[PDB]
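Residue numbering begins at 1 within each chain, and the chains themselves are lettered A, B, C, D, E, F, G, H, I and J in the order written.
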Amino acid sequence: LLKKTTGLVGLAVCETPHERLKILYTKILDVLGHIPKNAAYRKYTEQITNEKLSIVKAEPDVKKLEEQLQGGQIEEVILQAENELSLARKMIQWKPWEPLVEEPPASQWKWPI
Amino acid sequence: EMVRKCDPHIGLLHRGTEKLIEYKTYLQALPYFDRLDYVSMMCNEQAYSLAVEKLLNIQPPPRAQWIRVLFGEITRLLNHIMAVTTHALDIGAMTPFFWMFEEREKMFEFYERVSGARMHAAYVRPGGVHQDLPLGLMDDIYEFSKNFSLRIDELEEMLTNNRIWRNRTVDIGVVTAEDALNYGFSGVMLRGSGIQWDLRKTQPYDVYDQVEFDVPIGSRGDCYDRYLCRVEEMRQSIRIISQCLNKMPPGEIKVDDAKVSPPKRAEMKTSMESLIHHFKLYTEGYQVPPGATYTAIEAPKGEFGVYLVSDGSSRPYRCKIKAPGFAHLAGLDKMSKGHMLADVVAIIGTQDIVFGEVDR
Amino acid sequence: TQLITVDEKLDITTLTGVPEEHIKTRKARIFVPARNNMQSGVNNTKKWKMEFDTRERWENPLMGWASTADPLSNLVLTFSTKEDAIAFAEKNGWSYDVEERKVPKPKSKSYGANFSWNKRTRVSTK
Amino acid sequence: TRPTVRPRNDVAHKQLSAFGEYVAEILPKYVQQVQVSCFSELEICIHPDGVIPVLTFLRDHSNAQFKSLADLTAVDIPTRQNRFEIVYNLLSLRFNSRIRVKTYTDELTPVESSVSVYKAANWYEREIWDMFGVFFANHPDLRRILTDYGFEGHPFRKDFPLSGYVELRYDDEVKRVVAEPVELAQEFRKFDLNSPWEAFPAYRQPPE
Amino acid sequence: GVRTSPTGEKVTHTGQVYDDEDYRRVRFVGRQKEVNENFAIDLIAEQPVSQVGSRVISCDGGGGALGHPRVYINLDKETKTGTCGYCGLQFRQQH
Amino acid sequence: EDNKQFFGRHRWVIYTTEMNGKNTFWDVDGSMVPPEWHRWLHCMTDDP
Amino acid sequence: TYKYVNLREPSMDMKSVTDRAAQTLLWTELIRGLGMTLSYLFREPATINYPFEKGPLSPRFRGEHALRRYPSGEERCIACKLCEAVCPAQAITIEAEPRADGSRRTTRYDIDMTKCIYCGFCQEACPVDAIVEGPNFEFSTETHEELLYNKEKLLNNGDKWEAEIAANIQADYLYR
Amino acid sequence: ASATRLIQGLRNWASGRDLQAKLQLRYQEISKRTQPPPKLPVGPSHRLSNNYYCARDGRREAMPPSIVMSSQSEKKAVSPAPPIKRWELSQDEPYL
Amino acid sequence: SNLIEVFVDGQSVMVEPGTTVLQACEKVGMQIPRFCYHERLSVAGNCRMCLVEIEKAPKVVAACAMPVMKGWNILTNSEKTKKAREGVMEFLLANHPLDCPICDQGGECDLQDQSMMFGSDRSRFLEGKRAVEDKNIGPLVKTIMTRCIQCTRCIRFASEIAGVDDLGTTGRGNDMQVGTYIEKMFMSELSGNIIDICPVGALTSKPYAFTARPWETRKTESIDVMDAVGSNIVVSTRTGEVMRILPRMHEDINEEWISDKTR
Amino acid sequence: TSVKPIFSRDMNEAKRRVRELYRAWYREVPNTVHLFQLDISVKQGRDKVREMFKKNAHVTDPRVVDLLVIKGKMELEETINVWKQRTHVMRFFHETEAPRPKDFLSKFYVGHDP
């Protein structure tokens, strides 16, 4: 319908939101495949990204996709997809599915002292 | 003419407030909060009161909650008069300063009628409010509110459509939405940039879910939309004050737990338990169960938060005070890039900066 | 590697901003404070406390107020164990003395002992 | 317990406990504890090597989106060997929620600066340098922010006295504002206010 | 009942007066030592002893909730009156 | 009094020209008001 | 539950375009501003004639401190030190002893009026209404130590202002 | 209020607003400075029976925080709450 | 060993036979409220503040006096325990005088503190209170017997430790008065220690009277030098002036007493 | 005893940073005496710099001297940029303070301090 403005300053209108979300979701899944399968981050992120990709594939209309993606404007859904992609590319390098690097001391989180 | 870098040096009013709080009890550390945002006194009282009442696992009575919302919106009128009139006085519009400080003077008379001080009331306390509204106060609040929209109208007649006020504020200090969220902005600084966020709607406190009001949202992120947001928040504060005057319930004003709030002075001079409780609350103070809260309210400058840590004693172990002006004056350097030197006074004006809460 | 090895004694006296007079002339006292014998509650005997030696308090010539020049005259620190307080004193270069925790030894209480047949532990009245 | 007692929010307690399990199992490399207060505030106590990987997670993850850093805090607790307790308060505007990320350091171990995640932290942790003395590595402009320019010591440390060690006055001999060791005409009177009777039996610690 | 030292200085209701050789009288040189000439110890002595026919009397200082906490005084001693601890009004059993 | 003046103007004091030995013809002082008139003039009550 | 400030797309018909251009060339909003300033020129100003006219206060007003007396001349302070335990500024210094008739009375009752934050916790903590924070606010001094009140100055403020203080407490005490 | 009708009409013309209906100076419409004495109500715990403090003890119902994880299947990914509902535009005055 | 297993709120503790309920709860770090129990006096059992629920038992027991039986689960925080504490604190504050500001025990009173902790926050007492005639038992112990809660630590101290046998209860009922019954001057060498163990301001220190107040006093832990016993003391001061001398507990010297010369 | 460093791996890199900070202070002292128009000589200020560096000379921990170098760079940054005034620079010279008693006998005469 060519929404005139997103309402948020600095967040421009996306002309083709559906194909953009599909490309970002498949790129998230392609990056996320390099994480081991036992990691909970991969399981949870694949689950929510498959839900979002099926909702994007299931709706031609932009505003109905905004009401059932449940994330506000469609452009901030795209922005969140970009943030999730950058996050997953950092999670590959950090490897945080590893065991705890160091136990805290014996009364480290004891409150009150 | 341009500004390449702005380095604000602060601490010129650092008094070490939140170290002094550590050596005083909760009632004794309450009047430190009147002096942080010293144009928003009862709102900071309300934020500290809600922090302590969250840690105490008690709640105010309904009439105290309506008094806190009524005086929080009177406080919001005070603060946005201060904001708009000093932001206009620094640019050069010096006349609505004098026009609106008579209205601000009458609201300080409201504070003095209800507490005895004009600014630092120590009126909103953990447990409720200190004292009940004297007779004829709400009638005069109604007589103020009946006239105050015309004062806002003639303010808005002097500034809003003026081309000189627009030229000093329309292209000035544009904040994007993502950089407003990333710099920790809050209140009008978010809402001028399009971000639909208000703590009285989303994470509501005392009876703000029972008042009906609107949230002004800007569209360009500049000084002018933040000006229009503050003026419309004065409008909506008049709306909430009308709803508070019409829906004020009868009843008590302190919590009826006399191990938290002190008893009435007639029964302290009659009952043994009331005299013991009066003694122990005004000398030791109530003990607070151990824990760390971060209770944030929507002060008229933004999210005012208290990270209060209680060790189980009658004094705070730690009390970190989050001010909106701290993050706003941190973001001053990005908000002033590419602007002129006379734009910087407009940008320091449009961030409603009060250095008591900036410095503590 | 990303970890260095420091086998020196932990000392931070150059970083705390404390002047020399209030490091090397003060005697920290690490102690469990005694129960006030005005009261029977024992919640103030639960933690260790670090205080310092008292310095001179004199009379204000104008009002008679207690004038001091000791910045550490109100500094009382709370510690859960003795060894935490000893480590905090040694870390700051405070020479300290430690008093051991004096718990009350357990008593032998018998209400019937108040009414014995042949022992001196009878109560003469009740 | 209706009129004077705060009502318990069990729905938010269950939701925050579930999301705390979620964060603890996505990031087991750094998460040390997860707890939820009785007034329903979630605390994620992490290891200080994972300041950046946890905070970048909560800021960027689609089930978290903690896009706002509300507050950043240190707490001096001298009875711990890691006496400083760095407290992050985060706000998700998307899910209308708040989380608390807690970690620890002593005087000498640096914490990684979180300006790469929240630029809002640029002053806050700088204040943590000024008030507590915690150093933040890879900070843009780390210096004092609130104390005077020649100020020795970190004031919100609990071994630092209430009044300082120095005080200022104008001296007309040298025509200058000067610093001298602090003498108070009236000493701050210390009040031992704590009752010797136990106030809260739920918070009782077991004896030795 | 204010009195006067040999230095000419007025003695307060505490009993405070500086010594002659104390330098701190120089603060009143050219000025005045503000004392209050209504000594409460003399003004409560002016009040008469209330003869009551009860054994235990209650005092709140008058005014209800504008006086002091209400206390109960025993009047079984006949040598001594029953003095209120707050207001100093002393009572006597009339029998 | 003048109750047709607005609230703040409606009560005032013309100070005496001599109080406690001091000529106050030009040196009027706000603390010249005795405490019984200080309630009425500051409008703590309606009653003189 | 929200509204959009400044989201008006202006009209582009020749009527509104010529209206905005006449506003630009003939300065309509500037004459509106001159009209509002001219409107306040002919209003009666809000200026009270101080010192002859006084700003309105309430009986709760928290000004200068005063130690009170019972209606017999006996002072109300029974030396209990609640006002200095509650004092957020530690402005109150109290020392006591039994006087010559055995009454629990103070010998030192100091208030530093330059530490005091004038918040009135002392008068609301006082069990016997001894310390009050009266209605005097015009007590500026020329020297710092004249704002360091002892018991004599505070009892003189009580004797000076009792005729007003008792009436203010009489007007307010059913809210306390 | 004491303005003559020529200056009053000039002032209302210059402001563009009927100023006399809403005067910013206060007159006899305001409350009396002397009020009757109140009778303030008591709270809900001012009862002589069924008023044991252990049934209304708020501070002693505060518990220590529930430790959810401590270092001594196909479950759904969760969020800290349901997502925020989109705000409705004002029916009163949307500026639209 | 012959230690028996009891439970305090579920938590097990192994106790010697003859251990009371109060000592068994002490061994896990809970202090049962008390007014007449003193660990160096004999067990009186007559203030009833230590009433506590043993589960599977429909009656509160006097924890200072009741020995534990094997397998008891002591419910120190249950509903009827707290109802018993509030009822007993209500009866203690029935006839107790509103003297807390003019009292030397304010801020260091057991009755204030465990009224804040274990009692109700208001009065149902709508009657007039009793007033008890004061006594003159010497120049050291100021006597205000209206404040007396009749706990008989007077009598147990003067009998068992002081060895005097001259304080006792006359009268009967609500008219029961602790005193000497005659104009008698209680001047033992340990006569000031009844100022310590009196939980209320009925027995106060006549030299210390009205001069100070406990929260503003700094506590300096020091040694007696008035004899060669070496009694541990607290010199409590206020603004650079010595206010009074209290005892410290030392189990091997002075158990928690000091002499009148020291005091 | 395996701790995370600040900048230096051992004491040699630490002494290198101490030495470069000393070079920066030594170069800066004449500029500081000029633009704050201090009434001390350049040699007097350089002796004060040598005194402030010899005061911390007893430290063998690399993290502690790294923090001393960091705080010295902060003081230097407050000096070069005119953020200190003349008063903050002259607070290193305790000039209004009377000289303290050093031996036993004068400390006995003045008071109770050890």
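Assume a contact is a pair of C-beta atoms (placed from the backbone, for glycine too) under 8 Å apart; a residue touches a chain by one contact, two chains touch by 3 or more.
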Pair with more cross-chain C-beta pairs in contact, given C-J and A-H: C-J
Approximate Å spacing (C-alpha centroids) for the pair chain A, chain C: 54
Interchain centroid distance [CA atoms averaged], chain B/chain I, Å: 49
Intercentroid distance (Cα basis), chain G paired with chain B, Å: 19
Rounded Å distance, chain D centre to chain G centre (Cα mean): 36
Chain G: positions in contact with at least two other chains: 1-7, 32, 36, 39, 44, 46, 56-58, 61, 78, 82, 85, 93, 104-105, 127-128, 171, 173, 175
Per-residue overlap in chain E, given as positions that touch at least 2 other chains: 65, 67-70, 85-86
Shared interface positions of chain J, touching two or more other chains: 3-4, 61, 63-64, 67, 83
Listing of all chain pairs that touch each other, if any do: A-B, A-C, A-D, A-H, B-D, B-E, B-G, B-H, B-I, C-D, C-G, C-I, C-J, D-G, D-H, D-I, D-J, E-G, E-I, F-G, F-H, G-H, G-I, H-I
Contacting residues of chain C [partner chain G, same complex]: 62-65
Residues of chain G defined as touching chain D within the complex: 85, 90, 93, 112
Of all residues in chain D, those that touch chain A in their complex: 22, 25-33, 45, 47, 49-50, 53, 56-57, 59-63, 65, 77, 79-82, 94, 102, 104, 203, 205
Residues on chain J engaged by chain C in the complex (per definition of touch): 1-5, 8-10, 55-56, 59-64, 67-68, 71, 111-114
Sites on chain J touched by chain D in the complex: 3-4, 6, 61, 63-64, 67, 70, 74-75, 77-78, 83-88, 90-92, 95-97
